[PDB]
Amino acid sequence: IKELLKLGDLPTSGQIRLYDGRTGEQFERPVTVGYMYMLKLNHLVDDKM
Amino acid sequence: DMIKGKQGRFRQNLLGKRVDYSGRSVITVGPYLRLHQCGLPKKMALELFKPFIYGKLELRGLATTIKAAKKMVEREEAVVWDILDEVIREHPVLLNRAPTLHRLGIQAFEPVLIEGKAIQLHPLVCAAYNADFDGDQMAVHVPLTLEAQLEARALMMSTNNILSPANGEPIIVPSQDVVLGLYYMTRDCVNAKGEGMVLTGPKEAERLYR
Amino acid sequence: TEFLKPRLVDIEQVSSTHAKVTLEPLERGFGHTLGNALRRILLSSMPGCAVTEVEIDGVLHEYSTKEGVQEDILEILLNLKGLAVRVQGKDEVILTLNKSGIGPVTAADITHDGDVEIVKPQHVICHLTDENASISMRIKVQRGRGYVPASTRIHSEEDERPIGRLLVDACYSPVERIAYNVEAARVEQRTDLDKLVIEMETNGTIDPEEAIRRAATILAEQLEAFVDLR
Amino acid sequence: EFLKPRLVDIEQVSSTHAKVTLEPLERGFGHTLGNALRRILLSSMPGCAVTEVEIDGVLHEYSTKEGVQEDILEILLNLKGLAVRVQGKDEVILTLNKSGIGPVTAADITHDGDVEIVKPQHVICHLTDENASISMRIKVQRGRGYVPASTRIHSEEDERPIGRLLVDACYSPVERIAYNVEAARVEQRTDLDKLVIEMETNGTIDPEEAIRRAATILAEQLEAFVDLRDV
Amino acid sequence: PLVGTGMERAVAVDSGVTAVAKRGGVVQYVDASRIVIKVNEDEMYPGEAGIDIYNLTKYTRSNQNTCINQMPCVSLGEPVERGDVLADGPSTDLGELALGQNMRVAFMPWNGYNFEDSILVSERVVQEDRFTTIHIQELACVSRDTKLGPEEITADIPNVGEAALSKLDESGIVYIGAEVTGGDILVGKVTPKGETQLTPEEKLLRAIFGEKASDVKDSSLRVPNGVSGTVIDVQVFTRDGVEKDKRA
Amino acid sequence: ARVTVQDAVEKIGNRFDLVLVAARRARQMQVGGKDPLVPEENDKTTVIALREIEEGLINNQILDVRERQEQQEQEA
Amino acid sequence: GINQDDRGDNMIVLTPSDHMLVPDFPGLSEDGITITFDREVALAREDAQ
Ligand SMILES: [Mg+2]
């Protein structure tokens, strides 16, 4: 994983510096970001409500 | 068989009835709420409080008869939403979660009309409900009579129930995010920026931090 | 196209230095943009006057002691930091305090100069004990923008100064505290609109409203160069 | 005794990507202005987009035409991306008519004066039959923000023609905004900063006009704020 | 999936949801309803071979009310081999299982809106229309034979406004493509009325006015409360019928 | 809104007949036989009755005296 | 004892009831009759009494 991150020219540690979209100020202690494969289950609120 | 047994009688139809003016939906966080309030979707609130709406509409004279009040509710004009906001003002509603283990399974809150189809629940009370936001649902009842209103606001209101009936200790303690934030806030470090400077008060401390 | 502009600017001024200000009609998302912009501009860049340096006739270092004052020197510095003075014409002026006798030496006992007004004549400075009760000092006040910590000036102090030149943090901006809450507000059909409640504490001199006034004025002055569709 | 920011060189690297610089920014106002502009740009830029479509041989969104391989829904998805500039009118009706085998791109639209098709290479469909023919009339409106079909359904206003196919309107041209405040050594100053706004758009709004309009809106609202009655 | 395990193709192929070539050849015709392939000479039957045609199935209702739609993968003139994926079944791409979608997440607490296991989502996700699903309800109107007389499907329905008839054809079935809402009359049915025993003068009045003694009651199906969608398909099943109905 | 009823229960420690006296007051208020003794701020009659109880103006005995006075008044 | 359904647009539908006071009323029928009290509505709706 470290090698693959390096090949893309990204920090090997997997954490990036991020800016708060509302205020614009930086967050201390960089955070883990990245893409995850998510699913939407069959429990839809309009059926439940 | 009809008399005896669960499916038959006493348990089902004489201790396990099915009330009116009741609803159900999924629970959601809603951090901005006050401890004594709860987010309630507009459309369910309108449906529940329908007869109150009709009464107030007829009292204000906006509608001659009850059918005109119904038509005015089915068009949904701004006046209807204003009357709904005004009537909802101090009327409290009862919130219940399916396994009512102890008396804190039913509590009263003041509703605030919101968009969406999800009920917004104050975070601090989740521990009391043993509630989790993973598809758990809750039911919502409306007290009608004046004595019911007084009972809900006096005996059942969230702020009146802070101590557990089992032991005297507080029930509403901060759970996970709150304590993490406070912990981060209070811990000190040997060396940083602004070590050992003297401040005249908290206000300039905040000036410095921001 | 045509936007929605705020009306009904209500202001609950409890304790004149402390003002709550409510703005119910605002468009989606502008709550945080305006609150944060206002807060930062108010806090970091505001022209004011403040005490910068002091010379004590008796003590050479901030940890030495004067006989008969129970308060330490650092406490005197902290008390002097709170002095809110407004000079009109002059840029930098040097006030003298000389007091004797028992009791609290307060701001009123300072020598009355022309351009400088002390908004709080009853602000305590020092406490003098019996039978010696000798306090004399010269405090230099300067005009500037924003907040300047001691550390940044003391860094560049290669220009050797006589002993006793005690630097103090300059609190120029008149705002002591500023905060803004954003909350839900609906115009009868549109719910995704918000109310801005701005709580502001100033240091007596100017009332919060006019502070806000010149803040918005300054920001508009910077923006003026681009806006031309009129 | 103040400074004030002047708009300086505006580099254009591509048709969509642009860099705008503001040199003489006072200390501390860099981040404030950067963030304010980012917000205004991302939120409030007015643009035009297709609102509804009528194709001939199709009753509803879910049917299928002979001689095409995409579903109708994918046709709507392709139409959502069309970047167009309307000058004078508020509602324009474009007409697309193509026959024969080939990819029906946006270029085949009948060229009207007031409408500018920014990306003519944008694909719409692929025909697969010599005698297969598609005709459609696309209605394009101007607006701000994001309005879906289902909300506007309350205000139907005679949606009566069953041939009508409503599309969600993304009335917003700006895709991405970044800014950097960096030290602007001015010949008579120690610590000054320059703000650099890097912007990526769908190629409809020009940078200068975007920045001007944003500044206009912010200045107008600030003007509204300046007076305080206290009466 | 950006992060899979490799088993996706096995699962997708082995399920019957994809359309897979049985005899390899060349794609002769591509449409969003059928794929027509010219067989290769190797696998080509000597006697009475012809070509292979695969008709696809478009939106029908599954047991769970989800949509079942197949898309073609291949294009005109592409060569296909036995066991390749021609058409994508539900939630599969080019032979691979694509159950959901892959998005950029950041792990952090954002003003307690993700307090508990709850999730925060950006408006860009709904704007880009990437989590919108299609569902499908089925409704059935049954006309039986009572002993007082068979009910009728005619469009003449007592004391209904012409608004309700507007969307019905002469046969009494909704138009394909019509947008409906809760409470609208899905189909027209009439309940027979018996022993009217009208007076002769009353019978004459009925004759001139046209009032029907046989009717006076409606068994017409209505859209369930609070459900609104587009009629995509209609089917008619007639046990006896003298002749096929127009819609039939 | 009355977020806490602590002063009303501190006025009458039973916490139950509090509800009864407040119900009597709010019932004299709703069916417009009576008038509020406190300037209302667009509150409903429940919170009005609690606000009256918490200020010490109304209890059961004041209810009894006012009712018997009204009885003897209408008796003549 | 005549049920009066208020359709809303100045038109009342009268239908008899189980508690009507006469075996049969001369003008009434079980299917009901629509009426309007406004002369202009009557001039626009000849199906009403
Ligand atoms: Mg759960």
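Criteria and thresholds
- Residues numbered from 1 in each chain as written, not as in the entry; some residues may be left out.
- Chains lettered and ligands numbered in written order.
- Part of a larger assembly, values for the part shown.
- Heavy atoms only, no water.
- Contact = heavy atoms within 4.5 Å.
- Buried area = accessible area lost by both parts, 1.4 Å probe.
- Salt bridge = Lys/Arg side-chain N within 4 Å of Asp/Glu carboxyl O.
- Polar contact = N/O pair within 3.5 Å; in protein donor to acceptor, adjacent residues only side chain to side chain.
- Nonpolar A, V, L, I, M, F, W, Y, C, P; charged D, E, K, R; others polar.
- Pairing = 2+ DSSP bridges.
- Helix = DSSP H or I, 4+ residues; strand = E, 2+ residues; numbered from the N terminus.
- 1 Å grid on protein atoms, 1.4 Å probe; cavity = no way out; pocket = protein on both sides within 12 Å on 5 of 7 lines; lining within 4 Å.
- Points joined across faces, edges and corners; volume = space filled by probe spheres on them.
- Buried < 20%, exposed > 50% of the residue type's maximum accessible area, 1.4 Å probe, protein only.

Method information in the entry identifies cryo-EM as the source of the structure, with 4.8 Å recorded as the resolution.

Q: Can you help me understand the interface of chain B and chain E in this one?
A: Interface extent is often summarised as the accessible area lost during association of the parts. On the chain E side, the residues contacting the nine residues of chain B number eight residues. Of the roughly 880 Å² buried between chain B and chain E, counting both surfaces, carbon and sulfur atoms make up 61%. At the junction of chain B and chain E, the tally comes to zero salt bridges. Viewed at the interface, chain E and chain B are joined by two residue pairs in polar contact. Split by residue class, the side of chain B that touches chain E holds five nonpolar, two polar and two charged.

Q: Before we go on, may I ask you to explain the arrangement of the chains in this structure?
A: The structure contains eleven pairs of chains in contact, of which chains C and D account for the largest number of contacts. In this view chain A stays clear of chain F, with the nearest C-alpha atoms of the two still 29 Å from each other.

Q: How should I be thinking about the sheet that holds strand β9 (residues 85–88) of chain E in this particular structure?
A: Backbone hydrogen bonds hold the strands of a sheet together, and the pairing may be parallel or antiparallel. Residue and element names in this part refer to chain E. Spatially, three strands are ordered β1-β9-β7 in an open sheet, and the strand pairing comes out antiparallel. Where the open sheet ends on each side, the last strands, each with one partner, are β1 (19–20) and β7 (71–72). With two bridges connecting them, β1 and β9 associate as antiparallel partners. Residue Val20 lies in a different strand from β9, and its bridge partner there is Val85.

Q: What am I meant to see in empty space enclosed by the protein here?
A: Enumeration over the complete set of coordinates arrives at 13 cavities of 30 Å³ or more. Empty space within the largest cavity amounts to approximately 210 Å³. Taken together, the elements giving at least two residues each to the lining of the largest cavity come down to β2 (18–26) and α1 (30–44) of chain C together with α1 (29–44) and α4 (207–226) of chain D. Taken as a whole, the second largest cavity spans an internal volume of roughly 100 Å³. As for the second largest cavity, its lining consists of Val54, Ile56, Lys66, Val69, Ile73, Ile76, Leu77, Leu80, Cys126, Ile135 and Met137 of chain C. At the level of elements, β3 (47–56), α2 (73–81) and β9 (134–145) of chain C are the ones that each hand at least two residues to the lining of the second largest cavity. Tallied by class, the residues present in the lining of the second largest cavity amount to ten nonpolar, no polar and one charged.

Q: What is the right way to look at unusual backbone geometry in this model?
A: As a rule of thumb, non-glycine residues mostly have phi less than zero, and peptide bonds are mostly trans rather than cis. Despite not being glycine, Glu188 of chain C shows a phi value in the positive range, around 60°. Secondary-structure assignment places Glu188 of chain C in the loop between β13 (175–187) and β14 (190–202). A relative accessible area of 40% places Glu188 of chain C in the partly exposed class. Located in the positive-phi region is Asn42 of chain F, a residue other than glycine, with phi close to 65°. Tracing the backbone through its elements, the reader meets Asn42 of chain F in the loop between α2 (17–30) and α3 (45–54).

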